[PDB]
Each structure stands twice: as C-alpha cells, then as structure tokens.
Amino acid sequence: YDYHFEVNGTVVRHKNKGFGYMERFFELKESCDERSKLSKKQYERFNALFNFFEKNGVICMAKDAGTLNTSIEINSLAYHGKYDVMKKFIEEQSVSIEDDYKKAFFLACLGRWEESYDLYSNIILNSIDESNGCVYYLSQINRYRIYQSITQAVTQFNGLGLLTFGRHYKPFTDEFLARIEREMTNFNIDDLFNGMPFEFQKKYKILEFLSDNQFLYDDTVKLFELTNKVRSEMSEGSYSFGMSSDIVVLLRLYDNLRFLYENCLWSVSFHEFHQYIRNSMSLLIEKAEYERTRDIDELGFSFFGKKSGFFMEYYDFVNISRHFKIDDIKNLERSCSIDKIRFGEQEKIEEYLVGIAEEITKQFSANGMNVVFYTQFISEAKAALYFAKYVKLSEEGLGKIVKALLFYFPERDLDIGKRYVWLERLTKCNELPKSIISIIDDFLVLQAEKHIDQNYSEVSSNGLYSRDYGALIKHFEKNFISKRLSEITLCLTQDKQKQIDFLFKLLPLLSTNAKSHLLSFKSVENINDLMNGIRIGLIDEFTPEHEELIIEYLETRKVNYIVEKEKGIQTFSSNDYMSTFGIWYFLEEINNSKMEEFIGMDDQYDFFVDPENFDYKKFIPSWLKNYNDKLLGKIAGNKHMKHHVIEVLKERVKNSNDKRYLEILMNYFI
Amino acid sequence: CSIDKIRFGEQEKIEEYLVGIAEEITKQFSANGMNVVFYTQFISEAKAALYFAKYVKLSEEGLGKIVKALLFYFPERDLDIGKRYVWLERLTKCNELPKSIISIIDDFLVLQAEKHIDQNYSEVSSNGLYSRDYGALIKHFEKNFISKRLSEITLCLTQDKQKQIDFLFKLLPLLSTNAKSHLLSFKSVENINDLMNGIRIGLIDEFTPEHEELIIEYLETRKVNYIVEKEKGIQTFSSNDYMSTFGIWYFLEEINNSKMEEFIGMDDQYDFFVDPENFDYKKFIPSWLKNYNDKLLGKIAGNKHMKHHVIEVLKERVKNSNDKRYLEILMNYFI
C-alpha cells in the first residue's frame, strides 16, 4: 500500500511517510545522465524493470502527467479464436513446463476437458523444482475449475441433457468419473493458498484472490458506483470530462481480460466473469448513445467527439460476442441505437467471423461432434453472427458466413426460424450479391430434396418458415428466377405429400413453365394457402369464395371457444388468421357487414373491428411494434383510436427503455 | 424506478421511527450540547429519513413533531431554507396538510419575519426557493387564510426598516386587508423601471390602464429609438429590457391597449404574442420555452393561431438533440 497505481499509468502516493522510491525510478527513467551512476550487478537488474513496466503500462506519475493513450493488446490465441493454430500447438512436442501449462489451457478451451484434466495432472507431478509455485498453484486452480466444469456438465448431460441434446450422451465415461470424484473429494480451494510455502506467499499475494470471488470485488464495486454516476451524468447534462467514468470502466475491463488470458487462467469461463464484462460493456454502450447525440457548444467537441466508449474496435466486438447471450444484445438494440455507432477495425473483425464459420464446418459436418466443446462454443458462435449486423464485410468473407449459417449450423441450438432472423441482419451493412443469393438458393433446393415424406415439418419458433428465405431474395432482386426449383416441379403427383405445400410458397422464384404447370396440377382450396398467397403475391382481389371462408373460419371459431371455455382450453390467436382478418377489415379489404356479430372472440380482433366498444384497458402495447407503415397512417386518420392510444404511448415513453415507442408516437400520431 | 408504485407496510411503526428522529434533533438544538461526532452520522440518517417519508402515510399528531423538527430545530448548515421547502413539500404528497401543520408553517414565517430587524441578514439558499414559497404552500392547501401575526408585524412598520420591506411584501396574499393597505403605502412608482420592478419580481399587480399607458408609451419611444438604432446598424436594443414581458402579459390580457400592433417589432421578441399570424417563425428560436412558466405553456395549448407551428418547432430539437426537458413539454402542457 505504498502507492496508488491507477489504470492510466500514473502513480499517486498514499500511506508512504518514508522515502519515495517510485519518485526516483522515473527520474532515473527519462534522464540517461543520472543512469550509469549505478553499480554493475545492479545495472543488469535495471534492464528487467524497464522492460517490465513498459509491458504493464506504468508511466510517470501525476506530477509529470503526459497524455496517455487508450490501447490494448491481448497476445493470446484463445482470445482471438485461432482454433486451428491451437490444434497444431497441442499436436506438437512440448519443450518446457510453461508450454505444458498453455496446452492444458488450449485443450480446455477446445472442450477437450478429459485430456486437459489429465494434462493439468501431469503438470502437477512434473512441477517439483521450486523455481516458483506460479506453475503448480495456478494448475491446482485450473484443474479444480475443470472438475467444477465437468461436474456441472454431467449434471446437465446425464441429467437434463437428454431431450435438449438429442440423445443421452456420455462424453465422459463412468471410469473417468470414478477417477475424478475420489480425487477431488477432500480438496478445499480455500486451503490451497494457505497450504503453500512461505516463499510463495508475500511474493505471490495477488494470486490468492483467484480462489474465490474477491478478484472481481474491487472492480464490481467500481462498476456499481460508476454506473450510478453515469446515469446521473446522463440526466444532468455533464459529458465525459477528462479522466471520466468511461475510461476507468474500460481499462479495468481490459486489465481483467488480459490478466486472465495471458496467464491462461480458466476463470475466463465463469458465469460471474461473464456477468462483469456484460455489465461493463452495456454501460459503455449506453454512455455511447449519450456522447453521440451532441448538445452543448465547442467545449465538448474537443473533449470527446467519439472516443473512450463512443467508438468500437476489434477487442470490443469479441467481448460482446463471447460474453453476452442473445437476450443481452436484444436489450441494447432498443435502449441504444447501435446502427448509429461506428465500428472500426472491420478487417480484423472479418478474420474473426470467418474463423468461427470455419470452425462450425470442422465441428458439425465431419464426424466427432465434440459435444463438450459444443456447449461452450455455440453461444459465442451465435452471438458473433447475430452482432455481425453492423460490420461491413467483403464478398469472400460473407460467403463462408452465410454458407455456415444456412447449412452447417446445428438445428438443436438454432431452428429454421432463427436462421432467417440472422440472415436478414447480414443485409444491413450489405446487400445480397449474386454470390450470396446462389447460396440461399442452394439451401432451398436442399430442403425441397427433403420434403418427400409428409412426416417432416419445419419447427419454427418465430413463425418464419423456409419460404421467407426466398422472400429475402425477392426483396432485392425482383427479376430473379430459380433453376433447380423449376426442375423439381416436373415431378408433380400424389406420391410425395409435402412437395405440395412447400413449392407453392416459393411462387415468384419459379419460371413461366414452372408456375403454369403448378397451377395446372392444383389450385387453392383453403385459407391457409390464402395467407400463403399474400406472401407470394397470388390474389389481389379476393373472390367471394374467400369472403365466405373468412367468416366461415370465424363461425367455426364461434363454435370453438364456447365449448372450449367449459373445458378451460383456448385457441386465442393461435395462427393469427383472425388477427390478420382484423387488419383486413380495418384496411377495408373485406366489404362484409356480418362481422358485427363476430365481435367478442379475441382482444386483438375486438380492437380492430369495434374500437368504440373495445375497452382500451385490454390493449397490449407490443402490438404497435408489429404494424407496417400503411397501417399506422390509417390510425393517424381515425379519431376513435387516435386520442386514446397516446395514453398507452405516454406510459411507454417514460417507463420503457424501448426507443421504438417514441418513434411510433412522434412520426405517426402527433 | 418509480418508488410511488411501491406499497409501504408497517406504517404504524415507521411513524414511530420518524418521531424518534424528530426528538433527537430536538434534544440537540433546543439543547446547546451538540456532540459533533454523533452529528456526523446521525444527520445523514435524519436527512434521508425525512426525505424518504414522502412515501409513508403519517398521522396528524405524529406529523406535528416531524414538521417542528424540520423547520425549527434542523441545523442550517445541512438544510438551508431552499432545501427545507423541498422536504416539507415531500411530506404533503400522501398527507394532505392539516390545520395543525398550517399553524406551524405560519409559525416559521413569523419567526423569520422577526429575524429581519437587522438589514444585514440574507437567506443563503441553494435551490432558488425562499420564504415566499412557504406562503404559496399555505395558499395551496388553504386559500382563505389570513395570518393574524404577520399582520400584527407589517402594520407596525416604518420606512427605516428596509429589510422587512423586501421580506413581508413577498408574503403578500397571507396578510390581512388592513395589513396590505398599510404595506402598499410605503412603496410607490417613480420611473419606468419602477413601473415593473415590483411587479415582474414582486408581483404588486397594479393592473390599471393608466399604468399600461406609460408602458405602451415607453415602447413607442423605444420604437422611435429602434429606428435610430437601425441607422446605427444594431437594431436590437438592450437585452436587459423587458422584451419577453411585452407579450406574455399582453397575450394573458394584462395589457389591453389597442395601439400595441402599431409598434410591432421592438427588437426581437415583441412580434410573437402580439401577432402570431404575421410572424416569421424562421427567426423564432424555440429555446425560449425554458423561460416560460407552466401557465403560459398551458395558455398556448389553446392557441390555434400557431398550433400548426408550435408543435413542429418543438420537435425540431426533440427529434434531433438529446433534450430530456424539452421532451417533457411535448408530454405535458402540449397535446
């Protein structure tokens, strides 16, 4: 406790009433004349210290305070996702025990935990020379955190991991758990630092914090204090002023990532460390929304135009891609406008996104699925391709990304509906060239080659099916036709049942001889195809067979929920057809005057049909996020709906962090 | 969060903790023994407990002890007069101000009317809230209120005592009819600054048409002076003039002279309220809505002569700049 060593590189003295020795050391640094007044045996020791503080980024004190720059370098292969380079490092003869400690970390990052548990164990038996407990102590910790990772894996593999993994996997044999359970029983992680020689203690005191949560505590308290200071500064007008709250948050985050990855500590894979980076980055992105919107005069234009959390680099993309979940990112997409946040280093990011797509192919196409690695890696692969919306990628890099997100991605963790959500996000900073549409068209002819049996369906959670992949094609290029889809339409018969419905949903993609031959084979006979007909652009003016069947479905609904309420069941907006009927009646697409008797089936349907009768207490505010441009124009034209739903928007502007509700209010309703 | 949407229970024994805060204040400033070590940590608890008592329901008998410790016995180095009003107003959210507390707030205005026999005492505030606001707090919860001890001080008044002139005039609607009759007899009007210094600051409310005849005479000669200032190059006059007070009292019908439109365009701000139809909105800076009070923003809610213009000119900063207080104007006193 003789000095504060702040995160910028400066030194402020505290609890030092004696002599000031770090005062002397930087007077010896920048003055070569006072140098060589030393001895000879104490001069080769000086070249170690100048190399040491240059690595750790310690600069002169607060008196001679130079302008320090915000830079970071993590020279760790596991941080950058160099998966092939680690496999060529593991399949190589090790020289030292310091190279054994890195392979046991590189196996553990590759999900090869049964080998890393063994490889950490060989370090423990070979680290006998007392050169330093630094190898022996940090391997006891990393092994016990592997065993904690195995034990919570076999609880979620032989336990919950049957219906969510596809089978009852046993990636760890019973002979393995019969070995690792008795070895790690009677092993106290609190007794590891205290049972360790006195040469290790008071020479490695900073490593005692790795046995429990107190290596995160000094940064957790600072993160909670500076969050309230930023949220007070975001409301009181003050920007980032000098050494502000943003750079202190960023540099502590970078020191934690660089201590843990360079020293190969397996604490990188905690939940509590993934929570620290998540709350450290979500504060900096929230402060970045406030520094981009510029209000005050020229004092702040020089203060921070866009730096210290206001600009994004390669190291910031990787932290969000690895340490967030998707609902974590889905928070910030409406609290912040990340599309307005400039992402730099967009060529180093492109090497990261290609390496992930080229490590799904080497994991899900060939044999050896490696289900242990599949648990850890699939979150990072999901969040990287979800957050790849805002980077600008070249054509040779996007082709490996789309061809993995479509084909090689596993269906257990990403269904067919959560592929369209992320293929569409790759059209924000990109268009669809002729090389990416050809990959999507390679995927539609693969599913069409699997729709022979009627038993195969498309389990979609978002309601978005394999027809929307071709709808994303026809959004950009209207003049496109499909080759192999016009060849599969030659075989039309009653043999394969699922070829009937799937080829109908891709009608503008077909050719002239493909569309006419399909209409000669079949026609429309259900309103389910009518909902499919609007999405393919089939029928503009509905024939009165449809308007009969629109209210016929409503009449069967009037049969349905009356006898279903006696049994307690309900089909409220199951397939959203009657809700889509509600928009159709509201946009005056149906000229029937018989739906006044159908009022009283669903709350969404009662909103569109009789807004004077529908009490607006039952209105759900999320419905306004799902209405297009033309629908909100008619709501701006009404008087019955107009001056009442603003009170719903008035309680969502000042109580929800969703910035969409402000946009629906100011652009349409006022 | 929204702490008003949090229900508090055990209010029968939250009150007993808030009374015990009020007694330890009283046992340390009605008494001269101030243990300063205990003062360091107890006042931060006593400050926060009275601050966070906005969200409890108190009694009438238990609220008498809390208000007396807040107004009289709280130390001034921790609560100045600006902050005492911030917290007395917080105690009147869930507890509508009863007559036993209207007595105590009246006791506080008398006890500062007797602290200005010196001419050298100033209420060192920090929030821009002063003794006048406590009088507004009584008038808010009881309009038909006449303070028959502030009346019995402001009548016994002489022109030598100047500090209580600028103190009891700010507490004007609480005084009696005989008490206001004597009090107005010590201040009159001399020059064109004196026609509005005691009104635009003190609200003497001399709303006579002979008074406004000299006001429209001043801006007419200023319009003649504006022609002279236009020949000099700078057509704008002094910014310390009442250029905003021109039309705010005109649109709210405190100036009822018909010759106001003949002197249109004094320097910059005159043409807004006297003529919104023939008004150039490109010269209108919409940052002026900060300097408007609640009622003028409520007054322009029924202003159909600029209703197409005031909505868009407010959005031009709200949709672009990060103005958290301009957004509140669109929410409240607009639409």
# chains A, B, ... in the order shown; residues from 1 in each chain; ligands from 1
call {"tool": "closest_atom_pairs", "arguments": {"of": "chain B", "to": "chain A", "cutoff": "10 Å", "atoms": "only C-alpha atoms", "output": "Markdown table"}}
result
| residue | atom | partner | partner_atom | distance |
| --- | --- | --- | --- | --- |
| B:1 | CA | A:655 | CA | 8.6 |
| B:2 | CA | A:655 | CA | 8.6 |
| B:311 | CA | A:670 | CA | 8.5 |
| B:312 | CA | A:670 | CA | 9.7 |
| B:315 | CA | A:666 | CA | 8.2 |
| B:317 | CA | A:295 | CA | 9.6 |
| B:318 | CA | A:666 | CA | 9.6 |
| B:319 | CA | A:666 | CA | 8.1 |
| B:320 | CA | A:293 | CA | 7.9 |
| B:321 | CA | A:295 | CA | 6.1 |
| B:322 | CA | A:293 | CA | 5.9 |
| B:323 | CA | A:295 | CA | 7.9 |
| B:324 | CA | A:235 | CA | 7.4 |
| B:325 | CA | A:235 | CA | 9.6 |
| B:327 | CA | A:653 | CA | 9.9 |
| B:328 | CA | A:654 | CA | 9.5 |
| B:330 | CA | A:670 | CA | 9.7 |
| B:331 | CA | A:650 | CA | 7.3 |
| B:335 | CA | A:670 | CA | 8.1 |
call {"tool": "closest_residue", "arguments": {"among": "A:137, A:176, A:92, A:301", "to": "residue 197 in chain A", "atoms": "only C-alpha atoms"}}
result
A:137
call {"tool": "closest_residue", "arguments": {"among": "B:203, B:46, B:313, B:136", "to": "residue 166 in chain B", "atoms": "only C-alpha atoms"}}
result
B:203
call {"tool": "residues_around", "arguments": {"residues": "range 176-193 of chain B", "least_positions_apart": "4", "cutoff": "6 Å", "atoms": "only C-alpha atoms", "output": "JSON, numbers by chain"}}
result
{"B": [146, 151, 155, 197]}
call {"tool": "atom_distance", "arguments": {"atom1": "CA of residue 103 in chain A", "atom2": "CA of residue 115 in chain A"}}
result
10.0 Å
call {"tool": "residues_around", "arguments": {"residues": "residue 70 in chain B", "least_positions_apart": "3", "cutoff": "12 Å", "atoms": "only C-alpha atoms", "output": "count of residues only"}}
result
41
call {"tool": "residues_around", "arguments": {"residues": "residue 369 in chain A", "least_positions_apart": "2", "cutoff": "12 Å", "atoms": "only C-alpha atoms", "output": "PyMOL selection string"}}
result
chain A and resi 110-112+165+169+171+359-367+371-375+377+408-410
call {"tool": "write_last_selection", "arguments": {"atoms": "N, CA, C and O atoms", "output": "CSV table (one decimal), in the first residue's frame"}}
result
chain,number,residue,atom,x,y,z
A,110,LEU,N,-10.8,-25.8,-26.1
A,110,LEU,CA,-11.4,-26.6,-27.2
A,110,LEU,C,-12.3,-27.7,-26.7
A,110,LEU,O,-12.7,-28.6,-27.5
A,111,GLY,N,-12.8,-27.6,-25.4
A,111,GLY,CA,-13.8,-28.6,-24.9
A,111,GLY,C,-13.2,-30.0,-24.7
A,111,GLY,O,-14.0,-30.9,-24.6
A,112,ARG,N,-11.9,-30.2,-24.8
A,112,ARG,CA,-11.3,-31.5,-24.6
A,112,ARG,C,-10.9,-31.6,-23.1
A,112,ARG,O,-9.7,-31.7,-22.8
A,165,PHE,N,-30.4,-32.2,-25.9
A,165,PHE,CA,-29.2,-32.5,-26.7
A,165,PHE,C,-29.5,-33.5,-27.8
A,165,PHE,O,-28.6,-33.7,-28.7
A,169,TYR,N,-26.1,-38.5,-24.1
A,169,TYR,CA,-24.7,-38.6,-24.4
A,169,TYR,C,-24.0,-38.9,-23.1
A,169,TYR,O,-24.3,-38.6,-22.0
A,171,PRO,N,-20.2,-38.2,-22.8
A,171,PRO,CA,-18.9,-37.8,-23.3
A,171,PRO,C,-17.8,-38.1,-22.3
A,171,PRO,O,-16.6,-38.0,-22.7
A,359,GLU,N,-15.0,-23.0,-38.2
A,359,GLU,CA,-14.9,-23.9,-37.1
A,359,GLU,C,-16.2,-24.5,-36.7
A,359,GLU,O,-16.3,-25.4,-35.8
A,360,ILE,N,-17.3,-24.2,-37.4
A,360,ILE,CA,-18.5,-24.9,-37.4
A,360,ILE,C,-18.5,-26.0,-38.4
A,360,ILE,O,-19.0,-27.1,-38.1
A,361,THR,N,-17.9,-25.8,-39.5
A,361,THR,CA,-17.7,-26.8,-40.6
A,361,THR,C,-16.8,-27.9,-40.1
A,361,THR,O,-17.1,-29.1,-40.5
A,362,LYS,N,-15.8,-27.6,-39.4
A,362,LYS,CA,-14.9,-28.6,-38.8
A,362,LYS,C,-15.4,-29.2,-37.6
A,362,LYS,O,-14.7,-30.0,-36.9
A,363,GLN,N,-16.6,-29.0,-37.2
A,363,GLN,CA,-17.3,-29.5,-36.0
A,363,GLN,C,-18.6,-30.1,-36.2
A,363,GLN,O,-19.0,-30.9,-35.4
A,364,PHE,N,-19.4,-29.7,-37.3
A,364,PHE,CA,-20.7,-30.2,-37.5
A,364,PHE,C,-20.9,-30.9,-38.8
A,364,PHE,O,-21.9,-31.5,-39.0
A,365,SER,N,-19.9,-30.8,-39.7
A,365,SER,CA,-20.0,-31.6,-41.0
A,365,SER,C,-19.4,-32.9,-40.8
A,365,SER,O,-20.0,-34.0,-41.1
A,366,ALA,N,-18.1,-33.0,-40.4
A,366,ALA,CA,-17.4,-34.2,-40.3
A,366,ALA,C,-17.8,-34.9,-38.9
A,366,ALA,O,-18.6,-34.4,-38.2
A,367,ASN,N,-17.3,-36.1,-38.7
A,367,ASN,CA,-17.6,-36.9,-37.5
A,367,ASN,C,-16.8,-36.2,-36.3
A,367,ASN,O,-16.0,-35.3,-36.5
A,371,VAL,N,-19.3,-32.8,-28.2
A,371,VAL,CA,-20.5,-32.3,-27.5
A,371,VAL,C,-20.1,-31.4,-26.3
A,371,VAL,O,-20.9,-30.6,-25.9
A,372,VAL,N,-18.9,-31.6,-25.8
A,372,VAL,CA,-18.4,-30.8,-24.6
A,372,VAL,C,-18.1,-29.4,-25.1
A,372,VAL,O,-18.5,-28.4,-24.5
A,373,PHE,N,-17.3,-29.3,-26.2
A,373,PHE,CA,-17.0,-28.0,-26.8
A,373,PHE,C,-18.2,-27.4,-27.4
A,373,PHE,O,-18.3,-26.2,-27.4
A,374,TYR,N,-19.2,-28.2,-27.8
A,374,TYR,CA,-20.4,-27.7,-28.4
A,374,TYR,C,-21.3,-26.9,-27.4
A,374,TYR,O,-22.1,-26.1,-27.8
A,375,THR,N,-21.1,-27.1,-26.1
A,375,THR,CA,-21.8,-26.3,-25.1
A,375,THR,C,-21.2,-24.9,-25.0
A,375,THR,O,-22.0,-23.9,-25.1
A,377,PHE,N,-18.9,-23.4,-27.1
A,377,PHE,CA,-18.6,-22.7,-28.4
A,377,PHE,C,-19.9,-22.1,-29.0
A,377,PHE,O,-19.8,-21.1,-29.7
A,408,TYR,N,-24.4,-25.5,-42.2
A,408,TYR,CA,-23.6,-26.3,-41.3
A,408,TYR,C,-24.0,-26.1,-39.8
A,408,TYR,O,-23.5,-26.8,-39.0
A,409,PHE,N,-24.7,-25.0,-39.6
A,409,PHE,CA,-25.1,-24.6,-38.2
A,409,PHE,C,-26.0,-25.8,-37.7
A,409,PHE,O,-26.7,-26.4,-38.5
A,410,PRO,N,-25.9,-26.2,-36.4
A,410,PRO,CA,-26.8,-27.3,-35.9
A,410,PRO,C,-28.2,-26.8,-35.6
A,410,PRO,O,-28.4,-25.7,-35.1
call {"tool": "closest_residue", "arguments": {"among": "A:308, A:543, A:489, A:75", "to": "residue 244 in chain A", "atoms": "only C-alpha atoms"}}
result
A:308
call {"tool": "residues_around", "arguments": {"residues": "residue 641 in chain A", "least_positions_apart": "2", "cutoff": "10 Å", "atoms": "only C-alpha atoms", "output": "number ranges by chain"}}
result
A: 607-608, 611-612, 616, 634-639, 643-646
call {"tool": "write_last_selection", "arguments": {"atoms": "C-alpha atoms", "output": "JSON list (two decimals), in the first residue's frame"}}
result
[["chain", "number", "residue", "atom", "x", "y", "z"],
["A", 607, "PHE", "CA", -59.67, -3.71, -31.18],
["A", 608, "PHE", "CA", -59.77, -3.57, -34.97],
["A", 611, "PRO", "CA", -62.79, 0.32, -31.30],
["A", 612, "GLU", "CA", -65.71, 2.22, -29.77],
["A", 616, "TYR", "CA", -58.67, 0.01, -24.11],
["A", 634, "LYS", "CA", -54.97, 4.98, -41.09],
["A", 635, "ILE", "CA", -54.67, 5.07, -37.30],
["A", 636, "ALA", "CA", -53.39, 8.63, -37.71],
["A", 637, "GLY", "CA", -56.55, 9.24, -39.77],
["A", 638, "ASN", "CA", -59.05, 7.94, -37.23],
["A", 639, "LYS", "CA", -60.44, 9.84, -34.27],
["A", 643, "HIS", "CA", -56.57, 10.37, -28.91],
["A", 644, "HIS", "CA", -56.68, 7.31, -26.62],
["A", 645, "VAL", "CA", -53.73, 5.04, -27.53],
["A", 646, "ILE", "CA", -51.40, 8.00, -26.99]]
call {"tool": "atom_distance", "arguments": {"atom1": "CA of residue 333 in chain A", "atom2": "CA of residue 314 in chain A"}}
result
19.4 Å
call {"tool": "residues_around", "arguments": {"residues": "residue 358 in chain A", "least_positions_apart": "2", "cutoff": "12 Å", "atoms": "only C-alpha atoms", "output": "list in words"}}
result
residues 81, 82, 83, 84, 351, 352, 353, 354, 355, 356, 360, 361, 362, 363, 364, 365, 381, 397, 398, 399, 400, 401, 402, 403, 404, 405, 408 and 409 of chain A
call {"tool": "atom_distance", "arguments": {"atom1": "CA of residue 509 in chain A", "atom2": "CA of residue 433 in chain A"}}
result
16.3 Å
